[PDB]
Amino acid sequence: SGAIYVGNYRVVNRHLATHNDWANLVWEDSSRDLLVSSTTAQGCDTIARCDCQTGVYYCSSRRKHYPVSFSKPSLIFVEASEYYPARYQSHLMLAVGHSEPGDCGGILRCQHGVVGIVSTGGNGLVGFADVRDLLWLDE
Ligand SMILES: CSc1cc2c(cc1NC(=O)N1CCC[C@H](C(N)=O)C1)CCC(=O)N2
Ligand SMILES: [Zn+2]
């Protein structure tokens with residue numbers, strides 16, 4: 001589990017979004033596993049606007065933060081699941097690191113702020129849904 005609170009928005013994994021998220025929907029994209037809903041309070045997370053390929057992520061299955069090198073946002077094949085058929089997920093960045101399904105929502109951050117959230121994993125690899133291109137989260 002896990003979300004990004006910036007301004008009047010809440011950013012979560014689309015496959016984990018609540019009824020409240022869908023009732024206050026701003027934008028969703030199944031191909032990125034992202035959903036953004038509106039909030040009544042002011043979130044204080046800062047979004048990074050950079051091309052960093054190093055950062056730190058929170059791994060709930062280990063109650064620990066891990067430093068990682070990660071790839072640039074790209075289209076990557078993601079095996080079928082209870083939430084989606086087999087498909088290419090866009091804007092995904094991979095890193096060598098531990099992850100388990102309940103780890104989705106863990107934040108990835110660089111020295112410039114929030115980079116994205118855990119969205120995929122499998123065989124000593126963790127995938128992150130990038131959020132740095134969503135310039136409207138700030139405005
Ligand atoms: C960190 S998630 C994860 C971690 C692990 C495993 C599976 C997942 N599940 C995943 O990749 N999903 C399902 C949930 C929607 C995901 C999606 N974006 O379509 C795709 C298998 C065991 C393991 O070592 N790590
Ligand atoms: Zn950065």
# chains A, B, ... in the order shown; residues from 1 in each chain; ligands from 1
>>> residues_near_ligand(ligand="ligand 1", cutoff="10 Å", atoms="only C-alpha atoms and all ligand atoms", output="VMD selection string")
chain A and resid 13 to 16 30 to 34 59 61 77 to 90 92 97 to 106 117 to 129
>>> write_last_selection(atoms="N, CA and C atoms", output="compact mmCIF listing (two decimals), in the first residue's frame")
# COMPACT_ATOMS: atom_id res chain seq x y z
N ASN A 13 -1.64 3.48 -6.87
CA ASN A 13 -1.64 2.45 -7.94
C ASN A 13 -3.10 2.27 -8.36
N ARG A 14 -3.39 2.28 -9.66
CA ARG A 14 -4.76 2.14 -10.12
C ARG A 14 -5.41 0.83 -9.62
N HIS A 15 -4.66 -0.30 -9.62
CA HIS A 15 -5.22 -1.59 -9.17
C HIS A 15 -5.56 -1.65 -7.68
N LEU A 16 -5.08 -0.66 -6.90
CA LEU A 16 -5.36 -0.58 -5.46
C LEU A 16 -6.28 0.59 -5.07
N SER A 30 -4.81 2.94 -17.14
CA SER A 30 -4.57 1.52 -16.88
C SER A 30 -3.19 1.08 -17.43
N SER A 31 -2.75 1.69 -18.54
CA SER A 31 -1.45 1.32 -19.12
C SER A 31 -0.27 1.74 -18.23
N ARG A 32 -0.45 2.64 -17.27
CA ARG A 32 0.61 3.09 -16.34
C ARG A 32 0.39 2.60 -14.91
N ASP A 33 -0.75 1.95 -14.64
CA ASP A 33 -1.17 1.51 -13.31
C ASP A 33 -1.26 2.73 -12.38
N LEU A 34 -1.72 3.90 -12.89
CA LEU A 34 -1.86 5.13 -12.08
C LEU A 34 -3.29 5.63 -12.03
N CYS A 59 10.54 -0.30 1.14
CA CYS A 59 10.10 -1.68 0.92
C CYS A 59 9.33 -2.16 2.16
N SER A 61 7.62 -4.95 2.85
CA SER A 61 7.92 -6.36 3.19
C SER A 61 9.25 -6.56 3.93
N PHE A 77 7.02 -5.36 -20.68
CA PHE A 77 6.03 -6.42 -20.57
C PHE A 77 5.80 -6.81 -19.12
N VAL A 78 4.54 -6.91 -18.73
CA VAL A 78 4.15 -7.26 -17.38
C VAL A 78 3.17 -8.41 -17.52
N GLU A 79 3.52 -9.55 -16.90
CA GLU A 79 2.73 -10.78 -16.88
C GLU A 79 1.31 -10.54 -16.38
N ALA A 80 0.35 -11.35 -16.86
CA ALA A 80 -1.05 -11.27 -16.44
C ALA A 80 -1.24 -11.37 -14.91
N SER A 81 -2.35 -10.84 -14.39
CA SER A 81 -2.64 -10.86 -12.96
C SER A 81 -4.16 -10.73 -12.72
N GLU A 82 -4.59 -10.76 -11.45
CA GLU A 82 -5.99 -10.60 -11.05
C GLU A 82 -6.58 -9.20 -11.38
N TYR A 83 -5.70 -8.21 -11.67
CA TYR A 83 -6.10 -6.84 -11.98
C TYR A 83 -6.00 -6.53 -13.47
N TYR A 84 -5.07 -7.18 -14.19
CA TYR A 84 -4.86 -6.86 -15.60
C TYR A 84 -4.54 -8.08 -16.44
N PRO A 85 -4.91 -8.07 -17.74
CA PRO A 85 -4.41 -9.17 -18.62
C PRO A 85 -2.91 -8.94 -18.94
N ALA A 86 -2.25 -9.86 -19.67
CA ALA A 86 -0.83 -9.68 -20.02
C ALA A 86 -0.70 -8.45 -20.95
N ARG A 87 0.27 -7.53 -20.67
CA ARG A 87 0.33 -6.28 -21.46
C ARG A 87 1.66 -5.54 -21.33
N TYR A 88 1.88 -4.45 -22.11
CA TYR A 88 3.04 -3.59 -21.88
C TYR A 88 2.59 -2.45 -20.95
N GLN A 89 3.31 -2.23 -19.83
CA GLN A 89 2.99 -1.11 -18.95
C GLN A 89 3.93 0.04 -19.35
N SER A 90 3.41 1.23 -19.63
CA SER A 90 4.27 2.35 -20.05
C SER A 90 4.75 3.18 -18.84
N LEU A 92 7.40 2.83 -17.01
CA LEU A 92 7.90 1.94 -15.96
C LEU A 92 9.41 1.99 -15.92
N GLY A 97 16.36 -5.09 -6.88
CA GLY A 97 15.94 -4.92 -5.50
C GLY A 97 14.81 -5.85 -5.12
N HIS A 98 14.59 -6.00 -3.82
CA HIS A 98 13.52 -6.84 -3.33
C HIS A 98 12.14 -6.15 -3.37
N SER A 99 11.09 -6.92 -3.66
CA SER A 99 9.70 -6.47 -3.66
C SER A 99 8.76 -7.68 -3.57
N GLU A 100 7.59 -7.50 -2.96
CA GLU A 100 6.50 -8.49 -2.83
C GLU A 100 5.16 -7.76 -3.16
N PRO A 101 4.07 -8.44 -3.61
CA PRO A 101 2.88 -7.69 -4.09
C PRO A 101 2.33 -6.57 -3.19
N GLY A 102 2.32 -6.79 -1.89
CA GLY A 102 1.90 -5.76 -0.93
C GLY A 102 2.82 -4.54 -0.85
N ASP A 103 3.99 -4.60 -1.51
CA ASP A 103 4.93 -3.47 -1.56
C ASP A 103 4.52 -2.38 -2.52
N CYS A 104 3.48 -2.61 -3.37
CA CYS A 104 3.01 -1.55 -4.29
C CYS A 104 2.61 -0.30 -3.51
N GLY A 105 2.92 0.88 -4.03
CA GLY A 105 2.60 2.10 -3.32
C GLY A 105 3.78 2.69 -2.57
N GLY A 106 4.82 1.89 -2.31
CA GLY A 106 6.05 2.42 -1.70
C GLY A 106 6.70 3.49 -2.59
N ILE A 117 6.15 5.43 -7.71
CA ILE A 117 5.76 4.44 -6.71
C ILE A 117 5.98 3.04 -7.20
N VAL A 118 6.22 2.07 -6.26
CA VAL A 118 6.34 0.66 -6.64
C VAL A 118 5.05 0.22 -7.33
N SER A 119 5.16 -0.48 -8.45
CA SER A 119 3.98 -0.90 -9.19
C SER A 119 4.09 -2.38 -9.67
N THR A 120 5.32 -2.91 -9.89
CA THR A 120 5.55 -4.30 -10.35
C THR A 120 6.76 -4.94 -9.62
N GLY A 121 6.91 -6.25 -9.73
CA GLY A 121 8.06 -6.94 -9.15
C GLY A 121 8.10 -8.39 -9.57
N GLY A 122 9.27 -8.98 -9.45
CA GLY A 122 9.46 -10.37 -9.83
C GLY A 122 10.92 -10.64 -10.12
N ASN A 123 11.45 -11.74 -9.57
CA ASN A 123 12.80 -12.33 -9.63
C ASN A 123 14.01 -11.38 -9.37
N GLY A 124 14.06 -10.78 -8.17
CA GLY A 124 15.13 -9.88 -7.79
C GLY A 124 15.06 -8.54 -8.50
N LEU A 125 13.87 -8.16 -8.98
CA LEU A 125 13.62 -6.90 -9.69
C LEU A 125 12.40 -6.19 -9.10
N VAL A 126 12.42 -4.86 -9.08
CA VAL A 126 11.29 -4.06 -8.66
C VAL A 126 11.01 -3.02 -9.74
N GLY A 127 9.73 -2.82 -10.07
CA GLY A 127 9.29 -1.83 -11.04
C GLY A 127 8.58 -0.64 -10.42
N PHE A 128 8.85 0.58 -10.93
CA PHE A 128 8.26 1.81 -10.40
C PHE A 128 7.49 2.56 -11.51
N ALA A 129 6.27 3.01 -11.19
CA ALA A 129 5.49 3.83 -12.10
C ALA A 129 6.03 5.27 -11.91
>>> residues_near_ligand(ligand="ligand 2", cutoff="6 Å", atoms="only C-alpha atoms and all ligand atoms", output="mmCIF file with C-alpha atoms, in the first residue's frame")
data_model
loop_
_atom_site.group_PDB
_atom_site.id
_atom_site.type_symbol
_atom_site.label_atom_id
_atom_site.label_comp_id
_atom_site.auth_asym_id
_atom_site.auth_seq_id
_atom_site.Cartn_x
_atom_site.Cartn_y
_atom_site.Cartn_z
ATOM 1 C CA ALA A 48 11.011 15.691 -8.715
ATOM 2 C CA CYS A 50 14.642 15.550 -13.322
ATOM 3 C CA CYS A 52 17.825 10.931 -12.063
ATOM 4 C CA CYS A 110 15.892 11.161 -5.383
ATOM 5 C CA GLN A 111 17.605 14.376 -4.000
ATOM 6 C CA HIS A 112 14.939 16.365 -5.951
#
>>> residues_around(residues="residue 42 of chain A", least_positions_apart="6", cutoff="10 Å", atoms="only C-alpha atoms", output="list in words")
residues 5, 6, 7, 8, 9 and 10 of chain A
>>> select_by_dssp(residues="segment 2-137 of chain A", states="alpha helix (DSSP H)", output="VMD selection string")
chain A and resid 19 to 23
>>> closest_residue(among="A:93, A:47, A:17, A:108", to="residue 65 of chain A", atoms="only C-alpha atoms")
A:108
>>> select_by_dssp(residues="segment 4-101 of chain A", states="strand (DSSP E)", output="VMD selection string")
chain A and resid 4 to 13 25 to 29 34 to 44 54 to 59 64 to 69 74 to 78 87 to 96
>>> residues_around(residues="segment 131-139 of chain A", least_positions_apart="6", cutoff="6 Å", atoms="only C-alpha atoms", output="count of residues only")
4
